[PDB]
Amino acid sequence: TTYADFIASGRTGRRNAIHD
Amino acid sequence: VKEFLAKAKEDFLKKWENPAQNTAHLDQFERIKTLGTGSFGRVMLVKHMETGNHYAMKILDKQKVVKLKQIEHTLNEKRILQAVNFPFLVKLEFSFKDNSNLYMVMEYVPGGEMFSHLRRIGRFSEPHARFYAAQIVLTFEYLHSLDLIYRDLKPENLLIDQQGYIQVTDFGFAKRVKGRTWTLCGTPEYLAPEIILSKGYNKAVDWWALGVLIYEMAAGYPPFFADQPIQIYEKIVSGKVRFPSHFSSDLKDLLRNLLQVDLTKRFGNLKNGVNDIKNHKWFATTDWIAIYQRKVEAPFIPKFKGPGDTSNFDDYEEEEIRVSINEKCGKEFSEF
Ligand SMILES: N[C@H](COc1cncc(/C=C/c2ccncc2)c1)Cc1c[nH]c2ccccc12
C-alpha cells in the first residue's frame, strides 16, 4: 500500500529545507 | 474582511518601516532545553527571569548564516516577524544580537509540532484537516495582503497551542515582494512546479503548498514522495496525482485545483483570489469568522503537566552557546 511504502521510505522524519 | 485587512496593513507598515531593535539581552534568559537544531541555528526553551515566562529562543550563528548565504533571508525574517500580528502566527517578543549570534525570542508553544502528532496518529479525519487548513487559509490571506510570501509550509513548521489551534513558525524564507521572485527555497515535497523549473514565481506557490499540506494531513503521506529529491521533483511537475480511496469527492476537487501545475488557473492565483478557495464545496461548512475568533471546537487539545514542559518535543543533543570576545559580522547584520 502507499501507506506502507511511505513508512518504509527515508522521508518520514523531519524534512530539511533546500536552497543549495 | 477587507475592513480588517485594511487596518492590519496600517499597523504592519508602521512597524515594517521602523523595526524594533535590541529589545533584550542574553543574560536575561535561563537556558532550559534544546527544541530543535538546523544547519545555521537552533531553538531552545528559555525562561525569562523578569516575568517568569517561558519562551522559544531561536539562535543563529552569524558566521554560518553568511557561509550559507542566508544573510538577507535572516534580515527578512526578523524585520517581518517584529511587524506582523495574527492569531495563527507565533509572536516574536524580543530580538537582539551579540558578538557571535542573532537572537529571536518567540512565545513558547508547548503543544508541539503538528508533524509529531500527524505521524503518531497516521492521518487526521477530514473535518480535522479542514479545521487546520482553514487556519492556514486565513493566515495566507493575511500575509499575502501584506505582500508577504511565506514559502515554508509543512507540518514541521506548524505548532499546536493549548486551545488546539495552529501557530505558524519559521519565517526564514518569508519575503515582502510585489511581483515575481526567484530564490530556490523550500522543502522538496512541498515545492511548486514553478520553483523546481526555476522560472520566476509569486504567492501562488503558497497556495500549492496548502494543497500538499491538506493531502498529507488527510492521507498520512504527501502526494509526492520518494527517497531522492530528483525523483520527487519529477512527480510534482508531471501533473499527476493519486488520491486515497477515503478522500471525499469534494476534497479531491479542492486538491485538483490547488495542485494545479498550470499556475494560471491554480486556485488562489485566479481573479477571485482566495475566495475560490474559501467558497469551495469542501469548505461549505466552515465559518471563517468563527475560525479567526477561535470559537470553533478544536478536534484535539494537546496536554502538558505545566508551563516549561517539553514532552511534546523530541530530545536533541545539548550543545554550549559560545560568544567570542570579538564581533563577527557586524556590517552584514547592522540593521538586525
Ligand atoms: N525544524 C527545526 C526547527 O526550526 C525552527 C525554525 N524557526 C523557528 C522555529 C520555532 C520553534 C518554536 C517552538 C516552540 N514554540 C515556539 C516556536 C523552529 C530545525 C531547523 C530547521 N531550520 C532551522 C533554522 C534555524 C533554527 C532551527 C532550524
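All positions are counted from 1 along the displayed chain.
Header lists the method as X-ray crystallography, 1.9 Å.
Just so you know, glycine gets a Cβ as well, placed from its N, Cα and C.
Between the listed residues B:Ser39, B:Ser95, B:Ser324, Swiss-Prot assigns phosphoserine to B:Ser324, with no corresponding entry for the rest in that record. For the annotation phosphothreonine, the record in Swiss-Prot points to B:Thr183 among the listed residues B:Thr37, B:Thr51, B:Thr183.
The Cβ of B:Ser125 (phosphoserine) lies under 8 Å from the Cβ of B:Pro299, each of these being in the same chain and 6 or more residues away along the sequence. Using a Cβ-Cβ cut-off of under 8 Å to chain A, the recorded positions B:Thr34, B:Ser125, B:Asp152, B:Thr183 reduce to B:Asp152, B:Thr183. The Cβ of B:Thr183 (phosphothreonine) lies under 8 Å from the Cβ of B:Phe173, B:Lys175, each of these being in the same chain and 6 or more residues away along the sequence. Within the same chain, residues at least 6 positions away in sequence whose Cβ sits under 8 Å from that of B:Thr34 (phosphothreonine) are B:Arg42, B:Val43, B:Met44, B:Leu45, B:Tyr316, B:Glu317, B:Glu318, B:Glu319.
Using a 10 Å Cβ-Cβ cutoff, B:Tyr316 (phosphotyrosine) registers 14 neighbours. Secondary structure at B:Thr181 (phosphothreonine), as computed by DSSP, is strand.
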